[PDB]
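Shown next, in structure tokens, is the structure this report addresses.
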Amino acid sequence: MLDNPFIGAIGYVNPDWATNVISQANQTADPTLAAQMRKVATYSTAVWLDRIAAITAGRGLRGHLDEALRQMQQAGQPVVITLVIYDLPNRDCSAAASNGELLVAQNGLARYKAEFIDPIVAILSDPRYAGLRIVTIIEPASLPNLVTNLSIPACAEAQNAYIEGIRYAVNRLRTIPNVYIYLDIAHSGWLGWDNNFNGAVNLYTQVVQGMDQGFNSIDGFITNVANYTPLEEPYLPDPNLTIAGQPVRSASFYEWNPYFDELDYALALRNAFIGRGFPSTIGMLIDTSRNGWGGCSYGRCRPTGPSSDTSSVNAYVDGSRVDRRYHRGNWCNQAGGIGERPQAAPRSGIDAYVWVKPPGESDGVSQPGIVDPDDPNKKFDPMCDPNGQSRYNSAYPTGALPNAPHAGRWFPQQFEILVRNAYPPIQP
Ligand SMILES: OC[C@H]1O[C@@H](O[C@H]2[C@H](O)[C@@H](O)[C@H](O[C@H]3[C@H](O)[C@@H](O)[C@H](O[C@H]4[C@H](O)[C@@H](O)[C@H](O[C@H]5[C@H](O)[C@@H](O)[C@H](O[C@H]6[C@H](O)[C@@H](O)[C@H](O[C@H]7[C@H](O)[C@@H](O)[C@H](O)O[C@@H]7CO)O[C@@H]6CO)O[C@@H]5CO)O[C@@H]4CO)O[C@@H]3CO)O[C@@H]2CO)[C@H](O)[C@@H](O)[C@@H]1O
Ligand SMILES: [Mg+2]
Ligand SMILES: [Mg+2]
């Protein structure tokens, strides 16, 4: 095992994702924007194993690991390909747009180990792929739900399936010696608050303390998967800066959460886990696929500096935050923009920026009454209603875009926004 699988290697370029990118660029009138989409098609996105069919459907997990070898020989350097292990029973328990095919009360935990994990680790140990670095991101939006959403019965039912299921997946993956294991730990707009933060460091510690190799079973964590939270709020650098006689962490957008951006958040988690037993070799990944926040949307443009308005912390922070979402929990089909491009070791503690959620794939269907044949449990969630209000705080619009298909399907109108709003902007 290396300490950074992303150093000294190039990123796998999933051709099935780029097919959707290029075939839309072929359909895009504007010549400048179409050139940008062709450039976006060259970057490294992750490969989501989101159902048991995904192991075999199309080129399959095999064909991706095979295609990765084609790109390793072709380039001379090694290739790091990013797989997302995403099919726990009772999946996405606190929402409805990504409910999985396995569920606990239908012998789901047993099906998870037997039909999904086992065949994956089988393919992953074929010695033909020992020359790749295989990063495996373990079940986004799983353990975080057990910290803030156990009052919800769907998660409460699934705690053991999550722990036993995540432990089983990581134990059987540590045997493959070129797979690097990253546990998802959500984002700062979820676990930033003090008791949410502290509750996650306590839950995650025992989850891995019970793994086969203990604190050595994982290589780090990943944050901001499939979300829009920025790398850095540059014009709100200090959450304790007193404006109008109040610290600006008290603004209604943050509600006393001290972690405004994912860089402050991820590094805080890394120091916390280190001081509780984890080796200093752990590193955090940050999904930067849709957190650039360039362009203009939601009635605002990207700030070029702190706002002249010192009247309130609310007027100050709202005018200084790169994140323009009406409410920080607005997680669905947001009109953001592509963020930092995938790059290795951008700063101490961060292993690499990655694109885990592929730009262009939807977060959820935007109207009720539609069934996806391939994901029969994905449903309409009010957070994606383009005319609705957030179900976490009713006072704010969801901000979700309309005409969105079920989560995972290609969203051509959000992709155009994500490209136009990219920061750093797409250079053709
Ligand atoms: O085959 C087709 C193709 O399939 C492809 O793959 C797809 C795959 O199929 C998809 O399913 C997959 O999807 C992802 C979506 O893209 C994500 O958007 C989505 O994840 C959501 C999840 O649904 C949602 O439940 C979750 O919610 C969080 C939210 O992020 C967070 O902001 C919020 O925070 C709360 C917090 O919890 C509270 O504690 C908090 O409290 C404070 C309070 O406000 C304050 O008043 C008080 O003072 O203090 C309190 C603190 O104590 O409030 C906050 C509210 O702001 O909490 C929510 C949970 O409750 O968010 C996630 C996203 O972050 O779901 C999935 C997984 O992420 O994507 C893949 C790829 O696209 C294949 O690729 C392709 O090949 C196929 O063709
Ligand atoms: Mg490391
Ligand atoms: Mg900061």
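In the structure tokens, each chain is lettered A, B, ... as it comes, each chain's residues begin at 1, and ligands are numbered from 1 in order of appearance.
Proximal residues of ligand 2 are residues 3, 4, 219, 281, 282 and 283 of chain A, by a cut-off of 6 Å on only C-alpha atoms and all ligand atoms.
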What residues of the protein or nucleic acid chains come within 7 Å of ligand 1 when you use only C-alpha atoms and all ligand atoms? Reply as a JSON list (two decimals) with C-alpha atoms, in the first residue's frame.
```json
[["chain", "number", "residue", "atom", "x", "y", "z"],
["A", 47, "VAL", "CA", -17.71, 4.47, -11.46],
["A", 48, "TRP", "CA", -20.76, 3.88, -9.26],
["A", 50, "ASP", "CA", -25.27, 1.23, -7.50],
["A", 92, "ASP", "CA", -30.68, 6.37, 1.34],
["A", 94, "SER", "CA", -33.66, 9.51, 5.13],
["A", 95, "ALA", "CA", -34.73, 10.43, 1.58],
["A", 96, "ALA", "CA", -36.67, 8.83, -1.28],
["A", 97, "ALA", "CA", -34.88, 9.61, -4.57],
["A", 98, "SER", "CA", -32.22, 6.88, -4.19],
["A", 140, "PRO", "CA", -22.05, 7.48, 0.64],
["A", 141, "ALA", "CA", -24.79, 8.84, 2.91],
["A", 145, "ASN", "CA", -27.61, 9.09, 8.56],
["A", 148, "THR", "CA", -28.53, 12.82, 12.62],
["A", 149, "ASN", "CA", -31.45, 10.73, 11.29],
["A", 186, "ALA", "CA", -20.90, 13.43, 4.27],
["A", 187, "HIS", "CA", -20.19, 17.15, 4.22],
["A", 189, "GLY", "CA", -23.61, 21.17, 5.72],
["A", 190, "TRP", "CA", -24.57, 17.91, 7.42],
["A", 191, "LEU", "CA", -22.08, 17.08, 10.19],
["A", 193, "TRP", "CA", -22.40, 21.38, 14.08],
["A", 195, "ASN", "CA", -22.65, 17.56, 18.44],
["A", 196, "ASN", "CA", -23.14, 16.30, 14.88],
["A", 224, "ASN", "CA", -18.89, 16.36, -0.17],
["A", 225, "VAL", "CA", -19.88, 13.32, -2.26],
["A", 226, "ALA", "CA", -22.73, 14.30, -4.60],
["A", 227, "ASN", "CA", -23.10, 17.67, -2.84],
["A", 255, "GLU", "CA", -27.05, 28.40, 12.18],
["A", 256, "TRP", "CA", -23.95, 28.34, 14.44],
["A", 327, "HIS", "CA", -30.81, 26.87, 2.36],
["A", 328, "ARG", "CA", -27.74, 24.74, 3.00],
["A", 329, "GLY", "CA", -29.77, 21.52, 3.01],
["A", 330, "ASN", "CA", -30.90, 22.05, -0.58],
["A", 331, "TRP", "CA", -29.14, 18.94, -1.89],
["A", 332, "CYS", "CA", -31.10, 18.19, -5.09],
["A", 357, "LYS", "CA", -20.63, 12.21, -8.58],
["A", 358, "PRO", "CA", -20.31, 12.52, -12.37],
["A", 361, "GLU", "CA", -26.25, 12.73, -13.61],
["A", 362, "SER", "CA", -29.43, 13.65, -11.76],
["A", 363, "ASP", "CA", -30.11, 13.71, -8.01],
["A", 364, "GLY", "CA", -33.80, 12.78, -8.21],
["A", 374, "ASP", "CA", -34.15, -0.08, -13.52],
["A", 392, "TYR", "CA", -35.95, 20.65, 6.51],
["A", 407, "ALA", "CA", -31.34, 9.91, -9.64],
["A", 408, "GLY", "CA", -28.44, 8.75, -11.80],
["A", 409, "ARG", "CA", -29.98, 9.34, -15.23]]
```
List all protein, DNA and RNA residues that have at least one atom no more than 7 Å from any atom of ligand 3, counting only C-alpha atoms and all ligand atoms, and write them as an mmCIF file with N, CA and C atoms, in the first residue's frame.
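The result, stored in out_36.cif:
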```cif
data_model
loop_
_atom_site.group_PDB
_atom_site.id
_atom_site.type_symbol
_atom_site.label_atom_id
_atom_site.label_comp_id
_atom_site.auth_asym_id
_atom_site.auth_seq_id
_atom_site.Cartn_x
_atom_site.Cartn_y
_atom_site.Cartn_z
ATOM 1 N N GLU A 232 -13.635 26.207 -0.359
ATOM 2 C CA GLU A 232 -13.213 27.312 0.488
ATOM 3 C C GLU A 232 -14.218 28.442 0.350
ATOM 4 N N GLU A 233 -14.661 28.980 1.480
ATOM 5 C CA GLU A 233 -15.366 30.252 1.466
ATOM 6 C C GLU A 233 -14.324 31.337 1.699
ATOM 7 N N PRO A 234 -13.742 31.896 0.633
ATOM 8 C CA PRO A 234 -12.554 32.742 0.814
ATOM 9 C C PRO A 234 -12.852 34.057 1.505
ATOM 10 N N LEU A 236 -15.326 34.503 3.734
ATOM 11 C CA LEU A 236 -15.751 34.234 5.106
ATOM 12 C C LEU A 236 -14.735 33.288 5.736
ATOM 13 N N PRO A 237 -13.496 33.753 5.940
ATOM 14 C CA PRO A 237 -12.438 32.842 6.395
ATOM 15 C C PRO A 237 -12.526 32.513 7.876
ATOM 16 N N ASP A 238 -13.049 33.443 8.665
ATOM 17 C CA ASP A 238 -13.144 33.273 10.115
ATOM 18 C C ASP A 238 -14.607 33.216 10.527
ATOM 19 N N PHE A 260 -17.687 26.270 7.417
ATOM 20 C CA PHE A 260 -18.317 26.892 6.260
ATOM 21 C C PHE A 260 -17.957 26.208 4.951
ATOM 22 N N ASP A 261 -16.775 25.602 4.867
ATOM 23 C CA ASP A 261 -16.307 25.004 3.629
ATOM 24 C C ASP A 261 -15.697 23.641 3.923
ATOM 25 N N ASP A 264 -11.870 23.379 5.541
ATOM 26 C CA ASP A 264 -11.849 23.514 6.994
ATOM 27 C C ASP A 264 -12.459 22.290 7.665
#
```
**Request:** Assign secondary structure with DSSP using the backbone only, and return the residues of stretch 11-217 of chain A in strand (DSSP E or B) as a count of residues only.
**Result:** 24
Could you name the residues that touch residue A:356 at 10 Å or less, counting only C-alpha atoms, but leaving out those on the same chain fewer than 6 positions away, as a PDB file with N, CA, C and O atoms, in the first residue's frame?
```pdb
ATOM      1  N   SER A  44     -11.482  12.759 -14.987  1.00  0.00           N
ATOM      2  CA  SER A  44     -11.678  11.467 -14.342  1.00  0.00           C
ATOM      3  C   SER A  44     -12.868  11.528 -13.393  1.00  0.00           C
ATOM      4  O   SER A  44     -12.841  12.266 -12.403  1.00  0.00           O
ATOM      5  N   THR A  45     -13.898  10.743 -13.691  1.00  0.00           N
ATOM      6  CA  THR A  45     -15.043  10.565 -12.815  1.00  0.00           C
ATOM      7  C   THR A  45     -15.020   9.166 -12.216  1.00  0.00           C
ATOM      8  O   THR A  45     -14.294   8.280 -12.677  1.00  0.00           O
ATOM      9  N   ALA A  46     -15.825   8.974 -11.178  1.00  0.00           N
ATOM     10  CA  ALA A  46     -15.893   7.679 -10.524  1.00  0.00           C
ATOM     11  C   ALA A  46     -16.889   6.768 -11.239  1.00  0.00           C
ATOM     12  O   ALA A  46     -17.696   7.202 -12.065  1.00  0.00           O
ATOM     13  N   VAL A  47     -16.820   5.481 -10.911  1.00  0.00           N
ATOM     14  CA  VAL A  47     -17.714   4.467 -11.458  1.00  0.00           C
ATOM     15  C   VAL A  47     -18.559   3.941 -10.307  1.00  0.00           C
ATOM     16  O   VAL A  47     -18.049   3.260  -9.409  1.00  0.00           O
ATOM     17  N   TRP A  48     -19.852   4.252 -10.331  1.00  0.00           N
ATOM     18  CA  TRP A  48     -20.762   3.882  -9.255  1.00  0.00           C
ATOM     19  C   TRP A  48     -21.294   2.474  -9.488  1.00  0.00           C
ATOM     20  O   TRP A  48     -21.897   2.196 -10.531  1.00  0.00           O
ATOM     21  N   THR A  82     -11.705   4.925  -9.707  1.00  0.00           N
ATOM     22  CA  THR A  82     -12.475   5.177  -8.494  1.00  0.00           C
ATOM     23  C   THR A  82     -13.819   4.467  -8.602  1.00  0.00           C
ATOM     24  O   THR A  82     -14.641   4.810  -9.457  1.00  0.00           O
ATOM     25  N   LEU A  83     -14.041   3.478  -7.740  1.00  0.00           N
ATOM     26  CA  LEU A  83     -15.319   2.787  -7.660  1.00  0.00           C
ATOM     27  C   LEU A  83     -16.079   3.258  -6.428  1.00  0.00           C
ATOM     28  O   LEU A  83     -15.485   3.502  -5.374  1.00  0.00           O
ATOM     29  N   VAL A  84     -17.394   3.389  -6.567  1.00  0.00           N
ATOM     30  CA  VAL A  84     -18.277   3.716  -5.453  1.00  0.00           C
ATOM     31  C   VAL A  84     -19.086   2.471  -5.120  1.00  0.00           C
ATOM     32  O   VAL A  84     -19.841   1.968  -5.961  1.00  0.00           O
ATOM     33  N   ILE A 137     -14.719   3.941  -2.687  1.00  0.00           N
ATOM     34  CA  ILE A 137     -15.422   4.815  -1.754  1.00  0.00           C
ATOM     35  C   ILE A 137     -16.636   4.065  -1.224  1.00  0.00           C
ATOM     36  O   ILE A 137     -17.478   3.598  -2.000  1.00  0.00           O
ATOM     37  N   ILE A 222     -13.796  10.482   2.652  1.00  0.00           N
ATOM     38  CA  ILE A 222     -14.202  11.367   1.569  1.00  0.00           C
ATOM     39  C   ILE A 222     -15.388  12.193   2.043  1.00  0.00           C
ATOM     40  O   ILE A 222     -16.268  11.692   2.751  1.00  0.00           O
ATOM     41  N   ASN A 224     -18.230  15.589   0.881  1.00  0.00           N
ATOM     42  CA  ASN A 224     -18.886  16.361  -0.171  1.00  0.00           C
ATOM     43  C   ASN A 224     -19.328  15.504  -1.353  1.00  0.00           C
ATOM     44  O   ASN A 224     -19.563  16.029  -2.446  1.00  0.00           O
ATOM     45  N   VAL A 225     -19.458  14.188  -1.164  1.00  0.00           N
ATOM     46  CA  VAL A 225     -19.880  13.321  -2.258  1.00  0.00           C
ATOM     47  C   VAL A 225     -21.293  13.688  -2.682  1.00  0.00           C
ATOM     48  O   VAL A 225     -22.217  13.730  -1.859  1.00  0.00           O
ATOM     49  N   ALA A 226     -21.459  13.973  -3.972  1.00  0.00           N
ATOM     50  CA  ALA A 226     -22.734  14.301  -4.605  1.00  0.00           C
ATOM     51  C   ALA A 226     -23.347  15.597  -4.088  1.00  0.00           C
ATOM     52  O   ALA A 226     -24.527  15.867  -4.354  1.00  0.00           O
ATOM     53  N   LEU A 285     -10.392  12.757   0.906  1.00  0.00           N
ATOM     54  CA  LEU A 285     -10.775  13.152  -0.438  1.00  0.00           C
ATOM     55  C   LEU A 285     -11.944  14.123  -0.353  1.00  0.00           C
ATOM     56  O   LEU A 285     -12.710  14.115   0.614  1.00  0.00           O
ATOM     57  N   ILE A 286     -12.069  14.976  -1.366  1.00  0.00           N
ATOM     58  CA  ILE A 286     -13.161  15.939  -1.440  1.00  0.00           C
ATOM     59  C   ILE A 286     -13.741  15.888  -2.845  1.00  0.00           C
ATOM     60  O   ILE A 286     -13.028  16.142  -3.824  1.00  0.00           O
ATOM     61  N   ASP A 287     -15.026  15.557  -2.945  1.00  0.00           N
ATOM     62  CA  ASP A 287     -15.715  15.563  -4.231  1.00  0.00           C
ATOM     63  C   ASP A 287     -15.921  17.006  -4.675  1.00  0.00           C
ATOM     64  O   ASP A 287     -16.689  17.751  -4.057  1.00  0.00           O
ATOM     65  N   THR A 288     -15.233  17.403  -5.744  1.00  0.00           N
ATOM     66  CA  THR A 288     -15.293  18.763  -6.264  1.00  0.00           C
ATOM     67  C   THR A 288     -15.958  18.818  -7.634  1.00  0.00           C
ATOM     68  O   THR A 288     -15.604  19.651  -8.473  1.00  0.00           O
ATOM     69  N   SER A 289     -16.930  17.937  -7.874  1.00  0.00           N
ATOM     70  CA  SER A 289     -17.541  17.860  -9.194  1.00  0.00           C
ATOM     71  C   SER A 289     -18.524  18.998  -9.436  1.00  0.00           C
ATOM     72  O   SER A 289     -18.672  19.450 -10.577  1.00  0.00           O
ATOM     73  N   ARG A 290     -19.207  19.469  -8.393  1.00  0.00           N
ATOM     74  CA  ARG A 290     -20.291  20.432  -8.561  1.00  0.00           C
ATOM     75  C   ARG A 290     -20.277  21.475  -7.449  1.00  0.00           C
ATOM     76  O   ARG A 290     -21.323  21.831  -6.901  1.00  0.00           O
ATOM     77  N   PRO A 342      -9.964  17.179 -10.948  1.00  0.00           N
ATOM     78  CA  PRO A 342      -9.270  16.171 -10.134  1.00  0.00           C
ATOM     79  C   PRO A 342      -7.766  16.396 -10.149  1.00  0.00           C
ATOM     80  O   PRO A 342      -7.158  16.578 -11.205  1.00  0.00           O
TER      81      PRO A 342
END
```
Do a neighbour search on residue A:113 at 8 Å with only C-alpha atoms, toss out local chain neighbours closer than 6 positions, and write the hits as a JSON list (two decimals) with C-alpha atoms, in the first residue's frame.
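In the end it all went to result_4.json:
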```json
[["chain", "number", "residue", "atom", "x", "y", "z"],
["A", 165, "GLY", "CA", -22.43, -4.40, 6.05],
["A", 168, "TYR", "CA", -17.93, -6.83, 6.00],
["A", 169, "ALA", "CA", -17.16, -4.81, 2.87]]
```
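With distances taken over only C-alpha atoms, A:418 is the one residue among A:418, A:102, A:383, A:401 lying closest to residue A:296.
By chain and then residue number, the residues within 7 Å of residue A:99 are residues 90, 91, 92, 93, 96, 377 and 378 of chain A, counting only C-alpha atoms and disregarding those fewer than 3 positions away in sequence.
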Quick check for you: according to DSSP on this backbone, which residues of stretch 247-357 of chain A are classed as helix (DSSP H, G or I)? Reply as a PDB file with C-alpha atoms, in the first residue's frame.
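The resulting file, out_17.pdb, is reproduced below:
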```pdb
ATOM      1  CA  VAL A 248     -21.076  35.438  11.471  1.00  0.00           C
ATOM      2  CA  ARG A 249     -21.351  31.710  12.123  1.00  0.00           C
ATOM      3  CA  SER A 250     -24.696  32.804  13.628  1.00  0.00           C
ATOM      4  CA  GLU A 262     -15.123  21.459   3.022  1.00  0.00           C
ATOM      5  CA  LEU A 263     -11.406  22.209   3.445  1.00  0.00           C
ATOM      6  CA  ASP A 264     -11.849  23.514   6.994  1.00  0.00           C
ATOM      7  CA  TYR A 265     -14.214  20.587   7.630  1.00  0.00           C
ATOM      8  CA  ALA A 266     -12.249  17.653   6.187  1.00  0.00           C
ATOM      9  CA  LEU A 267      -8.975  18.642   7.865  1.00  0.00           C
ATOM     10  CA  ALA A 268     -10.820  19.052  11.169  1.00  0.00           C
ATOM     11  CA  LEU A 269     -12.090  15.476  10.883  1.00  0.00           C
ATOM     12  CA  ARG A 270      -8.580  14.259  10.063  1.00  0.00           C
ATOM     13  CA  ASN A 271      -7.038  15.845  13.173  1.00  0.00           C
ATOM     14  CA  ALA A 272      -9.934  14.472  15.229  1.00  0.00           C
ATOM     15  CA  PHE A 273      -9.541  10.901  13.969  1.00  0.00           C
ATOM     16  CA  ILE A 274      -5.751  11.125  14.365  1.00  0.00           C
ATOM     17  CA  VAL A 313     -24.469  39.067   9.907  1.00  0.00           C
ATOM     18  CA  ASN A 314     -27.358  37.911   7.715  1.00  0.00           C
ATOM     19  CA  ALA A 315     -26.790  40.676   5.167  1.00  0.00           C
ATOM     20  CA  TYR A 316     -23.017  40.186   5.432  1.00  0.00           C
ATOM     21  CA  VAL A 317     -22.823  36.396   5.090  1.00  0.00           C
ATOM     22  CA  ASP A 318     -25.537  36.204   2.421  1.00  0.00           C
ATOM     23  CA  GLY A 319     -23.526  38.722   0.397  1.00  0.00           C
ATOM     24  CA  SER A 320     -20.155  37.049   0.993  1.00  0.00           C
TER      25      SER A 320
END
```
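Checking A:185, A:7, A:231, A:404 one by one against residue A:370, counting only C-alpha atoms, you find the shortest gap at A:404.
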**Message:** So that I can see what lies close to residue A:132, please list as a PyMOL selection string the residues with an atom at most 10 Å from it, counting only C-alpha atoms and leaving out residues fewer than 3 positions away in the same chain.
**Reply:** chain A and resi 5+9+12+65+68-69+72+77-81+128-129+135+178-179
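Taking only C-alpha atoms into account, residue A:335 lies nearest to A:419 out of the set A:419, A:371, A:395, A:147.
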**Item:** Nearest-residue call for residue A:201, choices A:181, A:417, A:251, A:143, using only C-alpha atoms
**Value:** A:143
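Residues lying within 10 Å of residue A:88, counting only C-alpha atoms and ignoring same-chain neighbours fewer than 6 positions away, are residues 50, 51, 99, 100, 101, 102, 103, 104, 108, 109, 111, 112, 113, 116, 117, 138, 139, 140, 142, 158, 161, 162, 165 and 166 of chain A.
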